[PDB]
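Single-letter residue listing:
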Amino acid sequence: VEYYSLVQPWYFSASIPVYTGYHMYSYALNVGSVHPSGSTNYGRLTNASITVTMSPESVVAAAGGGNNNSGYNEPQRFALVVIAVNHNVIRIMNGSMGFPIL
Amino acid sequence: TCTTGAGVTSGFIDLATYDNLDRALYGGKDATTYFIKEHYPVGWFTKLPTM
Amino acid sequence: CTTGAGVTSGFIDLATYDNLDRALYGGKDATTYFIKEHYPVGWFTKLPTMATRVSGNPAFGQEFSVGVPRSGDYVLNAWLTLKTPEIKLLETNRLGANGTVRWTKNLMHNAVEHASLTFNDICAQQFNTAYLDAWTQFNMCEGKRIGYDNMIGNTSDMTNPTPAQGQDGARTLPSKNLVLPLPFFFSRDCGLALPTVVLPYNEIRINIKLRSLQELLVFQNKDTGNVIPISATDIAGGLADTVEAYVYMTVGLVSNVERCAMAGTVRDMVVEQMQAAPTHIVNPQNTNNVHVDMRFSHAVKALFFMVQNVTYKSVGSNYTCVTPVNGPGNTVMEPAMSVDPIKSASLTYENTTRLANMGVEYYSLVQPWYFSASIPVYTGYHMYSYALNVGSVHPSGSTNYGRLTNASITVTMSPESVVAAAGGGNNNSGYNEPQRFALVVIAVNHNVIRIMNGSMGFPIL
Amino acid sequence: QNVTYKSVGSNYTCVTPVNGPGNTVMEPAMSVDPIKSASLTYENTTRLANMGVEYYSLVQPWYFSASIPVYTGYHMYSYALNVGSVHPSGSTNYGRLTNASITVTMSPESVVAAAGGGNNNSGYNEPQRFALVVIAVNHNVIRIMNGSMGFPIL
Amino acid sequence: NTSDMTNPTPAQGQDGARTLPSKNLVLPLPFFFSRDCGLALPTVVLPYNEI
Amino acid sequence: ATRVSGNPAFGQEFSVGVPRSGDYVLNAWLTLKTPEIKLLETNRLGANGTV
Amino acid sequence: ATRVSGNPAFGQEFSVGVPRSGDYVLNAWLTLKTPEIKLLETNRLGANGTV
Amino acid sequence: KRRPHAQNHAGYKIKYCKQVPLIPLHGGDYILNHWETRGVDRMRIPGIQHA
């Protein structure tokens with residue numbers, strides 16, 4: 001997880017997060033650059049999956065039993081969220097806008 | 001002699017992934033490429049602090 | 001899991017290649033796997049059939065004969081079924097309260113001695129209990145061992161001693177049918193089958209002599225571990241001399257395309273017979289070695305020699321130097337001292353010793369490990385083999401005894417057997433009574449059987 | 001192989017055997033193979049991924065062998081359809097193939113047995129040490145001529 | 001230098017008996033090909049080298 | 001990156017061969033798992049000792 | 001095996017495709033991890049109950 | 001005594017290492033076929049719909 005957290009943001013991102021989490025992976029050489037770079041089209045790709053492994057701290061904090069002012073005094077619930085950023089083409093003509101390829 | 005296996009299957013799959021949007025964004029003979037930096041001469045000079 | 005290998009990983013293994021790989025694999029004429037060649041086979045069927053009894057009614061302690069039915073092109077499987085009687089002890093027995101009754105070890109392979117198969121009126125094959133025990137202990141296909149030990153007795157229920165009715169153990173030995181396959185030359189391999197359609201002028205018959213029930217039941221003493229003969233009044237219901245026993249054989253039917261084509265032609269088949277040397281009594285107290293002169297006729301293949309404890313006729317298949325005794329828990333246990341009486345053995349031709357005085361462990365373990373399909377799990381069962389594969393139907397290395405002169409086998413006994421022969425042991429020691437031993441030698445040989453003009457005979461004899 | 005004591009032998013489990021009731025050897029409660037997973041690598045190309053230890057223990061002997069071990073450990077991987085077949089079958093030659101690597105992962109039982117402190121009659125009463133051994137079976141050609149033997153290709 | 005490895009820890013008998021955590025650290029390797037994207041090793045063009 | 005000389009160890013020198021068969025190598029980094037440090041009470045400095 | 005339909009679950013039926021790009025396929029096995037079972041005193045059988 | 005026979009020439013082991021393409025055999029999967037491409041509708045009139 002440290003690889004996603006630090007290495008790629010250090011190499012080919014604008015900055016590095018200062019909080020725990022926010023694991024990123026981008027095919028492009030610069031996420032902030034508006035100019036297109038290396039990327040893959042998931043439309044022509046078959047089923048793709050992402051596998052994630054939890055941590056002993058997470059599995060012990062999921063249950064309660066924590067003492068006072070420990071945060072995990074009550075059982076804790078987690079959720080997984082994934083966001084994807086892509087490119088698209090918009091065309092302006094005849095006083096109107098629309099996607100030529102959608 | 002050894003036996004090495006050129007590129008990665010995942011990279012080959014990503015390269016094979018190609019549609020109209022990718023054809024519009026990339027490709028073409030006139031398209032420039034990375035990993036190659038053009039070099040041009042620069043003027044010759046020196047600098048020095050002065051009281 | 002996360003398997004990133006993929007199919008493409010094997011391309012490197014496919015690509016790597018050298019002179020060794022070129023010599024081993026490759027070539028235009030080299031065969032390939034993943035493609036199985038298919039060839040047609042004959043059209044036939046098989047089904048069980050009752051065998052026709054032609055000799056009265058079978059009974060214990062007597063000999064009964066059964067013919068082979070016709071109308072079947074080939075017969076390639078024979079077995080016997082027998083329903084054992086129900087045994088229940090009585091408090092009025094001779095041994096009193098201290099007395100148990102149990103079935104002998106290997107109930108089948110016992111009560112069947114000198115079973116013979118005859119063509120017309122000529123004895124063609126014959127085997128007995130020693131050969132049955134040796135063959136089933138040496139050429140046993142593992143996986144079917146449990147089935148065999150459940151179908152020929154020794155099912156841990158028939159062999160458990162049962163005390164009298166008034167004692168703690170009042171269980172009665174169950175009356176369940178048991179089956180024994182008959183090992184014959186046609187039953188050895190599918191390729192060897194009897195042409196019944198081609199032999200209509202010979203009466204193919206099977207002669208089976210059972211054994212008296214007196215020596216089939218072990219009447220053990222509870223404390224001293226002694227054995228005495230069983231009597232009719234000892235057990236409830238008496239002894240039923242008559243018994244229902246049947247013989248089943250499997251027949252095969254084939255089409256006319258070849259069943260008539262092969263008729264009218266001389267056919268030569270190779271078969272395996274049995275030769276048994278006369279039994280010799282051995283007394284280890286007087287002599288330390290015993291020489292037995294062996295005389296056989298055809299190309300011998302294997303020699304099985306064992307020493308059997310013959311103190312009591314009731315107990316059978318006892319090749320140990322000490323008889324079994326009753327144990328705690330209403331079960332039979334082998335005594336503490338139980339080792340094979342043979343210490344060493346050697347083989348002599350003329351006056352020249354082909355085999356030196358090798359240890360018993362050689363014949364016990366090394367020879368079965370190399371030239372057999374199984375290793376015996378009981379003490380005794382000593383084998384020598386002249387062939388690479390004993391169980392192979394195809395002929396292998398073998399030496400004819402017809403042109404070979406007198407040959408001898410010398411057995412040097414063990415001090416354990418010497419001390420077990422003399423009695424003086426305490427209760428449940430097995431050798432409390434003096435012990436007597438006998439030596440048995442069995443040989444397996446090839447032979448040629450010719451079918452011609454609707455009859456069979458031995459061209460060599 | 002457990003190598004804590006030189007006197008003991010063929011101790012391929014994570015805990016040494018201990019004396020038990022009835023003057024018989026008794027295998028302690030915690031006795032499992034230290035290997036949890038293994039994989040192969042061909043010059044930065046994993047031919048075999050991080051497969052489970054049970055795979056090598058059971059599936060491979062079931063398909064490409066003649067028996068299955070009755071003791072812990074004893075992991076194999078065969079390039080050939082039949083291991084016991086003397087006739088040649090599928091195999092790869094390492095002469096024309098560059099450096100290859102084997103990777104193994106330990107187990108929580110192994111790491112807890114490495115440190116001592118276990119109670120009496122547990123096997124891991126003292127710190128435990130382990131050693132990894134690899135064996136390979138290969139083919140060769142022997143030429144007999146002029147009353148002598150040698151390797152035509154070595 | 002994350003106030004964990006660089007913070008001194010007293011012995012077990014003192015108040016501070018914490019153990020230094022064992023984690024993984026990553027160091028980029030400054031090389032001429034890593035300096036810029038336009039500078040990269042042509043591995044496909046170099047088959048007779050050993051890097 | 002393929003290893004060519006044993007395994008890494010403190011106070012030792014090890015070489016790693018760059019994986020060939022690629023097209024453009026442009027970035028490299030080294031990851032290292034630090035050990036676990038636990039001070040004892042038998043040290044030379046005794047109570048006045050920090051690690 | 002190429003997953004092309006759903007996910008495994010108890011009491012349901014799922015179908016899995018055979019991967020292509022292989023010259024020959026000659027084997028197949030299915031692996032599954034058993035869950036964890038713990039007994040409780042709140043069982044309908046009370047103390048006289050085992051699972 | 002006859003002359004012993006053994007391999008004498010050391011052969012020609014070419015230095016460096018060779019390459020194999022390591023390409024998927026058929027490529028039927030991992031890739032669509034210009035149809036059923038998710039997120040795009042091929043059966044659409046050109047963008048003159050907004051004209």
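Residues numbered from 1 in each chain as written, not as in the entry; some residues may be left out. Chains lettered and ligands numbered in written order. Part of a larger assembly, values for the part shown. Heavy atoms only, no water. Residues with missing side-chain atoms left out of burial classes, pairs and counts.

Determination of this PDB entry was carried out by cryo-EM to a resolution of 3.5 Å, according to the record.

Undergrad: Give a description of the state of the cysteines that names residues and reports values.
TA: Within this structure, the stated rule accounts for one disulfide over all chains. With no disulfide partner, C190 of chain C has as its closest neighbouring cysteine sulfur the one in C141 of chain C, 17 Å distant. (Disulfide = S-S within 2.5 Å.)

Undergrad: So, unusual backbone geometry: which residues are in play, and what are the values?
TA: Although it is not a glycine, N428 of chain C adopts a positive phi angle of roughly 60 degrees. The phi dihedral of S3 of chain E is positive, around 60 degrees, even though this residue is not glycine. Structurally, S3 of chain E can be placed in the segment before β1 (24-28). (Helix = DSSP H or I, 4+ residues; strand = E, 2+ residues; numbered from the N terminus.)

Undergrad: I'd like a rundown of the interface of chain F and chain E, residues and numbers included.
TA: At the junction of the two partners, chain F supplies 31 residues and chain E supplies 30 residues. Of the roughly 2,500 Å² buried between chain F and chain E on both sides combined, carbon and sulfur atoms contribute 54%. Linking chain F with chain E are zero salt bridges. Taken together, the connections running from chain F to chain E amount to 16 residue pairs in polar contact. Mapped by element, the contributors of at least two residues to the side of chain F that touches chain E are β2 (16-17) and β3 (29-33) of chain F. The element that contributes the greatest number of residues to the side of chain F that touches chain E is β3 of chain F, accounting for five residues. Classifying every residue of the side of chain F that touches chain E by side-chain character gives 15 nonpolar, ten polar and six charged. Relative to β3 of chain F, β1 of chain E runs antiparallel, the two being bridged by five bridges. (Contact = heavy atoms within 4.5 Å. Buried area = accessible area lost by both parts, 1.4 Å probe. Salt bridge = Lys/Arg side-chain N within 4 Å of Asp/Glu carboxyl O. Polar contact = N/O pair within 3.5 Å; in protein donor to acceptor, adjacent residues only side chain to side chain. Nonpolar A, V, L, I, M, F, W, Y, C, P; charged D, E, K, R; others polar. Pairing = 2+ DSSP bridges.)

Undergrad: I'd like to hear about the pattern of salt bridges, residue by residue, with values.
TA: Residues and elements named next belong to chain C. Under the criterion given, the structure shown has twelve salt bridges over all chains. Residue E113 pairs with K209 through a salt bridge whose shortest N-O separation is 3.5 Å. Of the two residues, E113 is situated in strand β5 (residues 113-119) and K209 in strand β9 (residues 204-209); the sequence distance between them amounts to 96 residues. For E113, a relative accessible area of 13% puts it in the buried group. A residue is classified by how much of its surface remains accessible, and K209, at 33% relative accessible area, is partly exposed. Measuring nitrogen to oxygen at the nearest pair gives 2.6 Å for the salt bridge that ties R171 to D157. A residue pair is termed long-range when its members are at least 10 positions apart, and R171 in the loop between α4 (145-151) and β7 (177-181) and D157 in the loop between α4 and β7 qualify at 14 residues. Look at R171 and you get partly exposed, because its relative accessible area is 30%. (Buried < 20%, exposed > 50% of the residue type's maximum accessible area, 1.4 Å probe, protein only.)

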